[PDB]
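Everything below concerns the one structure shown next.
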Amino acid sequence: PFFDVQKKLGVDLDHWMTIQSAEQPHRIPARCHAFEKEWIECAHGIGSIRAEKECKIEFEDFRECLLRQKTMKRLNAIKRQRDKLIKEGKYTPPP
Amino acid sequence: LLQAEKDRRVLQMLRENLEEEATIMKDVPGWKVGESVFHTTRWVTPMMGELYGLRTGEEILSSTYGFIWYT
Amino acid sequence: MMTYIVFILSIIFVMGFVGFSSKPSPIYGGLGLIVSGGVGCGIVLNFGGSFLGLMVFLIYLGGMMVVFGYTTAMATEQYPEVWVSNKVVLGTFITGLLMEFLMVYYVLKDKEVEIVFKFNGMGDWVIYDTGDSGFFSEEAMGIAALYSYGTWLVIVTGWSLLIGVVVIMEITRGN
Amino acid sequence: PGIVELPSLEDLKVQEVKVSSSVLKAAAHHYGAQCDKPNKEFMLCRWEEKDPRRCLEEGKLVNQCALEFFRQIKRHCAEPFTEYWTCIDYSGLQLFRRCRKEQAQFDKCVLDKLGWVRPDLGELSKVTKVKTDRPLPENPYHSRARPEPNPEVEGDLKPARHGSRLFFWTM
Amino acid sequence: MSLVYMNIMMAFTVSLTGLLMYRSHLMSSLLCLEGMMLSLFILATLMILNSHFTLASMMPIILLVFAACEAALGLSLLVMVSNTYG
Amino acid sequence: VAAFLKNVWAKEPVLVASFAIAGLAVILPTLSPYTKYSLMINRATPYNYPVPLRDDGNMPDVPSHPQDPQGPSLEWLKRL
Amino acid sequence: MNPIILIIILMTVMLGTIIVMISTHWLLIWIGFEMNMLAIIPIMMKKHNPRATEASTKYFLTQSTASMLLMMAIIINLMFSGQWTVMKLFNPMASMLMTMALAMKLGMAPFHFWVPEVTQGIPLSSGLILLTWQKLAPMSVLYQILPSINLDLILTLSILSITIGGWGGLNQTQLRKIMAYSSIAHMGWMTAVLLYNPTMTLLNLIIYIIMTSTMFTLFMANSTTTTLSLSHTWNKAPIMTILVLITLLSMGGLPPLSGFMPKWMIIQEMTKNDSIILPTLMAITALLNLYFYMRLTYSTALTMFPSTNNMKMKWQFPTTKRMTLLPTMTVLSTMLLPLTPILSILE
Amino acid sequence: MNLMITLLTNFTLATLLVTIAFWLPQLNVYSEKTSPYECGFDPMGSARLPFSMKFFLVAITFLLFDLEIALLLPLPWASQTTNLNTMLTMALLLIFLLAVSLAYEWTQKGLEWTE
Amino acid sequence: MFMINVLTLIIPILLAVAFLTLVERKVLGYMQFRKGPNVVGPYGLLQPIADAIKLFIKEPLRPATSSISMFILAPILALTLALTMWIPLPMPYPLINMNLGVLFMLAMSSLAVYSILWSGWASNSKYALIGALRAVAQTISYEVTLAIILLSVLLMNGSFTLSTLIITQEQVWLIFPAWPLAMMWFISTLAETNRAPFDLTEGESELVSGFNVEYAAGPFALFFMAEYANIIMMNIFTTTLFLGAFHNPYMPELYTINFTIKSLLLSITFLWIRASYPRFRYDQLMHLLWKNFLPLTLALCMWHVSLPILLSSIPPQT
Ligand SMILES: CCCCCCCCCCCCCCCCCC(=O)OC[C@H](COP(=O)(O)OCCN)OC(=O)CCCCCCCCCCCCCCCCC
């Protein structure tokens, strides 16, 4: 039976370390901060039942910040063509 | 000053990435032109993987692992 | 100019436990751990974890493993201290985790993962820090926030420790 | 899904400030004194709208200010500044408690000739107020649609009807 | 999830299977548990310090403190068990 | 009290002096006049770039030019 | 032991569980578990016999490693899109490891191996404090994290708890063991319903706490570790025994007695949803536990046939052994079925 | 990497010096081997051992007091923040708590060392 | 270039160990009213080379070890730690400048005891075991206290850098702001090394150094090495922590000279203390630490947590 005292007595206990967007010691933005801001802006007043449904797009945006599965896979897709074109010369621009 | 200089440097670098990518990836299996991967288009910081890559690998050593173990 | 050294240290770290966890005696247990843990300093440090790495290099290495090896050394006395047994499945899991670990570092092309645990993703490149913050550790300042913001948290910790004392001695029979 | 657009390479390639951190440090102290009409403004720019590649023009502006600053120190007080940044460049964290003689010496050439009272410990903080003609960005970054929140419970409610309603047990 | 995460998880499960599938020595059990615990320290550290989420950096510390005052308890119960027989 | 403290300070001076350093260390931070100074110092050191705001349509203070005095002044630290 | 220190420990156990209930952060809840272990090791072992030492160890290993597995799941939550809160886990896997972890914390089917053993090792009062109080924290967590629970697991662990754990205890003449296996069965129920309507889970939780409460308290009244002890007390004084048996039938869920109420409501809110077959598959095993317990009810009669009832053991002096609240909980676990419109007071 | 080179060297010279120290004595001019070494009977030095709780408890209290020490270790970073009141309160509180553990164990039969 | 730096660091600490042993024998000699070694070379400067190559050449001498692993582990560890401890010590310049620093030295100093656990473990002699366990006990108990002292005296630096220490020392030696904690930390530095009074011994006694100092021959020239080198260290780290000189850049060798002189004199005071006083019995030692040092360290510590905020000077973390 999860009880909420800390909202009742009006005291913060664990709310400070809870999510990335909280006020930092000397405010330094977290890597994915802004997308926390939009995921909580989307899912704030709703019940996590339909937040699943309707906040999906922006949530997946947040995930793609955190884990970086898709973009990492993209860079990989770049070296995978680069590789087989070491054979067929594309030369290099850089010095 | 350091801020303006820096951000110009990184934008230059990312565009160079864009043109190289454009030359290499011409072929049938088009992902078309260089795109963000997010469902919402707005500025988001580079990964430092995106910036430094294909770079000869010398300065990814000192840039990525450089600061740790000092100079 | 390898610069996979985070991944090499990760691998040796695994190897410590893999070949480690078998054989009957802890006397080599201490060795296996302290090796793997020091390598853990390797990992954490190579992400720039400097203080935290030094704390697993102080508390856990010194305090934990010293107290372990102290009790083990006191509780058990080893005349023979031989090569013993049971290492067979440890080496065979160094082969199954050698082509399984080489399977996750092989199939790592694009994204690699497993069908048992959660997903993973893979590939050769690594993501790290930029956006310098002047005169910040980004860590130790965090722990300064332990003392500033960690009110409730240091309360429950400390209390759980002092209870640590009365429990331990209570079980060692002061009466 | 969305395709990013980045400015033309020639949109970049504006100017140059090439100096060591050492000279740039103390010279920075003085221009941060007299300059900062453009660059604070720049900071509410890229700070307010934040999209580097959006405001870079004003980066051209600040780079202009600093550039002509160093130009004036070139043609105006040259030698004393040179000895000053070369004594501050013996480094070891470049401490300003180290070479003072040419701090007072440098501000002595400057003041004796070009002015520039030194701001000292009051140069900064005191969060600055600045005007900009550009209208503030609204709905910054993504700024999507709202959740369509759920209706809250309202109205006077009376006792329930006939009780627990269970397999039996009326009231 | 990079690679290092995969590998550290495999270490975790090596320690866990080593926990369940060997009852012979008790110190070995307790140990394997503790090594696993170390692996958790490493995970939380690498993650938190990867995302530059600073205010939460305690999780290595306060996760590590109970790696001990609980472990110490473990060894005390080990001694009080050994002096039953041997 | 007097005899008790004389006797515990006759037997175990290390422990008495330890409690003295302790207690005095507890109370003295409350009384001493210099306390607030430390706080105001510690707050006077910026780690993070002061970031400007839209000026027009505001109440005038903390003015644009860094010399214009209307903002806070740590001069009290300049001479102290 | 000191009569203060026990207060300064039990106070910390109460405190720990209160923290597991109150905190909205994971790392805290993990700490609350750590404190309930650290402080609950001294309660067990109170008397220094070796049984309590080996048993307290078997509690300590599986309980502590359970805690660690919990931490692993928490961290995997941090990996996948993550923050530190108490709410639906965003990983299916993290939810898996966490349902296993909270399946060790409290006795469940693959993980129940320790409960009978430790329950017979440690003394009576530690037996009470083990099978009730520490059982409040994990349910208080599951009630929170239920939205991400994979249904197939907790449904499985519930059934296998009822089948295995319930089917057990047959040859057992010991008491503490019987109370253990019954704990695992009521577990199988409370966790069975958990996904559908958790209100009923807290219900069977509370009723269950009253049940084991009067049970163990009676075992303190008549100090009995075996059924033979029960019969010998029947020829010492009757009343405490028939309280033990009637509360055992209430532990079997026999229709007029109050133990039938959680079974009955669980069958409603279980079968108004689609599946009717699984409840019957539970009710069978429930009958099994029953006529076992009613074997323990042919443990007694009058005009008895020979039990070898001995002597010396009439006594002229009543016992002063202090029974804290026996009567209120006795009548409260016998007579409660004519209540429950009151069910909804709980949630 | 630099300090890692220092560790590679400093581990070498250790290894090298050890090796030299093993070679030269059994590389010596004449090495002769006869005498029996009796592991044998229990009373040579000491006998057996009934390992005693005191030392072990010293290891334990070394743990708990470590934990409190390292939990205290970051303080020099924390001594400067914008909340001084709370700082003093919980630093004095924390190490005061350490001293409470010590005071308790010093009140009970623990330590006292002649037994 | 860099390996040149390493060699110039680690070779002179070894030579420093040898000629240190010389100065030891002499100072104890005259302190005892008798001339030290004159008859090996002039004035005694050939004595170490004697001790060195002889003590290397005496043959390995006993017994079956029962562990080939640990026996050749422990010496390597003891050295490697003793050599790498010298890295951060500031000098005019550190040779590795670490942000944390001093707690890194604290940490490795905490690791240094495995050589005692393992060394005393592989004896196969059940008595040298017990002796080793006890020596571990006292070393560890003074790893408790010392840590708290550094965690206090440092709190006037404001950061761990170990460089900024030389910045704090400019106006006044850190001995003045706290003398007593510096006193307790000096005696603490006597602790681990087990210099007299704290040493164990021959004759009748626990004889930890009986088989520890006996056994492993050349590798005893190693444990010998790490012990004395570690001594020179703790003297130097005292010289840096609780006092120091003014660093005049453009001429660092000035500070290097003054630093060197004070450190050497301090070690001289070690060797003559060892001459001076008897030994404590063991329990009286261990619970002498637990009785008195640690409580007063707690008091002084909390007084250094509360003090800097009083006087409003709290140090400037860079
Ligand atoms: C069978 C046994 C086999 C093994 C035997 C081993 C024998 C020797 C064991 C003792 C020696 C342990 C040495 C540990 C070194 C730790 C270094 C460290 O923590 O350095 C801190 C420093 C922090 O840098 P900082 O100042 O914050 O920043 C610089 C500017 N930004 O950090 C840095 O600057 C970054 C440095 C990162 C370099 C990688 C570190 C890898 C460590 C691997 C340890 C392997 C051995 C483990 C210990 C075994 C103990 C028995």
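Positions of Cβ are generated from backbone atoms using ideal geometry, with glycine treated the same way; all protein chains shown enter the neighbour counts. Coordinate-derived values only; no laboratory data.
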So the number of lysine pairs in chain I with alpha-carbon atoms under 24 angstrom apart, 8 or more residues apart or on different chains, is 4
When chain G is treated as a Gaussian network with springs between alpha carbons less than 10 Å apart, the largest mean-square fluctuation among G:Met261, G:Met108, G:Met93 is found at G:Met93
Whole-Å distance linking the alpha carbon centroid of the range G:30-74 with that of the range C:108-151 is 32 Å
Of E:53-62, H:24-33, ordering from highest average Cβ density within 10 Å down gives E:53-62, H:24-33
Each label sits 7 Å from Cα toward the beta-carbon; between B:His39 and D:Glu57 the label points are separated, in nm, by 3.4 nm
Footprinting proxy, I:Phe224, I:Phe19, E:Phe41, I:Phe246: sorted fewest to most Cβ within 10 Å, the residues are I:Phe246, I:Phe19, I:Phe224, E:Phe41
The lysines whose Cα lies under 20 Å from the Cα of D:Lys129, excluding any fewer than 8 residues away in the same chain, are D:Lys37, D:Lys40, D:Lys50
Inverse of <1/r> over all distinct C-alpha pairs of chain H, i.e. the Kirkwood Rh in Å, gives 21.0 Å
For the pair C:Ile127 and F:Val14, the simple spin-label estimate (label points 7 Å beyond Cα toward Cβ) gives in nm 5.6 nm
Listed by chain and number, the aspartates and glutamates with an alpha carbon less than 19 angstrom from that of C:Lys87, same-chain partners under 8 positions apart left out, are C:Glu100
Sorting D:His29, D:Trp47, D:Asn63 by the position of each Cα along the dipole of the range D:1-137 (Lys, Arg +1; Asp, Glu -1; all at Cβ), the one nearest the positive end of that ordering is D:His29
Output ordering of D:52-62, C:137-147 (per-residue mean of other Cβ within 10 Å, highest first) is C:137-147, D:52-62
Amide H proximity to D:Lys129 below 5 Å, modelled H, separation 5+ or other chain, gives F:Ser64
Long-range amide H partners of D:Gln94, meaning residues 5 or more apart or on another chain whose placed amide H is closer than 5 Å, are none
Rounded to whole angstrom, the alpha-carbon centroid of the range I:123-157 lies from that of the range I:171-240 at a distance of 11 Å
With the 8 Å Cα cutoff and a minimum separation of six or more residues, chain D has a relative contact order in percent of 24 percent
Checking I:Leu103, I:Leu162, I:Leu174 against a Gaussian network model of chain I (alpha-carbon springs below 10 Å), the top fluctuating residue turns out to be I:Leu103
Between G:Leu10 and F:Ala3, the FRET efficiency computed from the C-beta separation at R0 = 60 Å comes out, to the nearest 0.05, as 0.90
In chain G, taking the dipole from +1 charges on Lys and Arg beta carbons and -1 charges on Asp and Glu beta carbons about the Cα centre, the listed residue (G:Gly259, G:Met108, G:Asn2) farthest towards the positive end is G:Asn2
The size of the Cβ-based charge dipole (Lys, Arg +1; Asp, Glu -1) of the range I:175-318 about the Cα centre, to the nearest 20 debye, is 460 debye
In the protein assembly as shown, taking the dipole from +1 charges on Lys and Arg beta carbons and -1 charges on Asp and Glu beta carbons about the Cα centre, the listed residue (G:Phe60, F:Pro66, I:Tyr228) farthest towards the positive end is G:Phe60
Here the range I:233-246 yields Karplus 3J(HN,Hα) values (6.51, -1.76, 1.60; θ = phi - 60°; whole Hz; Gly and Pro given as x) of 4, 3, 4, 4, 5, 5, 3, 7, 6, 9, 6, x, 10, 7
So the angle from the long Cα axis of helix F:13-31 to the longest Cα principal axis of chain F, reported in degrees to the nearest 10, equals 30 degrees
Extension length gain for G:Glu269 and G:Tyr298 (0.36 nm per residue less Cα distance), in nm, is 7.0 nm
Quick calc, chain I, dipole around Cα centre from Cβ unit charges on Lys, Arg (+) and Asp, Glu (-), nearest 20 debye, gives 440 debye
Straight-line reach check, D:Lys18, cutoff 17 Å on alpha carbons, 8 or more apart in-chain or any other chain, hits among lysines -> B:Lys6, D:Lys60, D:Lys74
Hull volume per residue for chain D, using the convex hull of the C-alpha atoms, in Å³ is 321 Å³
Taking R0 as 22 Å and r as the Cβ-Cβ distance between F:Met40 and F:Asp61, the FRET efficiency 1/(1 + (r/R0)^6), rounded to the nearest 0.05, comes to 0.70
On the formula 1/(1 + (r/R0)^6), with r taken between the Cβ atoms of A:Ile57 and I:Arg279 and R0 of 51 Å, the FRET efficiency rounded to 0.05 is 0.10
Between the alpha carbon centres of the range F:9-80 and the range G:228-253 the gap in Å comes to 72 Å
A correct Karplus calculation of ³J(HN,Hα) over the range D:33-41, with 6.51 cos²θ - 1.76 cosθ + 1.60, θ = phi - 60°, whole Hz and x for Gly and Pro, returns 4, 7, 6, 5, 4, x, 7, 4, 3
In degrees rounded to 10, the 0-90 angle between helix G:277-298 Cα long axis and the longest Cα principal axis of chain G is 30 degrees
Sequence order, the range I:210-226: Karplus ³J(HN,Hα) from phi using 6.51 cos²θ - 1.76 cosθ + 1.60, θ = phi - 60°, Hz rounded, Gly and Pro as x, gives x, 7, 5, 7, 3, 6, 6, 6, x, x, 6, 5, 6, 3, 3, 4, 4
Hydrodynamic radius by Kirkwood for the protein assembly as shown, inverse mean 1/r across distinct Cα pairs, in Å, is 36.4 Å
Among the range C:132-173, those whose backbone N falls under 13 Å of a label point 7 Å along Cα→Cβ from F:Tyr47 are C:133-149
With label points set 7 Å from each Cα along the Cα-to-Cβ direction at I:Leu7 and I:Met31, the distance between them in nm comes to 3.6 nm
Taking every alpha carbon pair in the range C:24-90 and sorting the distances into 10 angstrom bins from 0 up to the bin holding the longest one, the percent per bin comes out as 20, 39, 27, 13, 1
Ranked by GNM mean-square fluctuation in chain G (Cα springs under 10 Å), the top entry among G:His48, G:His25, G:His232 is G:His48
Taking Cα atoms, the helix B:2-24 axis meets the longest principal axis of chain B at an angle in degrees (rounded to 10) of 40 degrees
Surpassing 27 Å at the alpha-carbon level, of the pairs A:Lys87/C:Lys118; A:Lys84/C:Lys111; A:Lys84/B:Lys32, are A:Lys87/C:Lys118
To the nearest 20 debye, chain H has a Cα-centred charge dipole, built from +1 on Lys and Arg Cβ and -1 on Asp and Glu Cβ, of 160 debye
Computed from every Cα-Cα pair in chain G, P(r) in 20 Å bins starting at 0 and rounded to whole percents is 29, 58, 12, 1
Assertion target for D:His142, A:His15, I:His247, ordered by fewest C-beta neighbours within 10 angstrom first, is A:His15, D:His142, I:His247
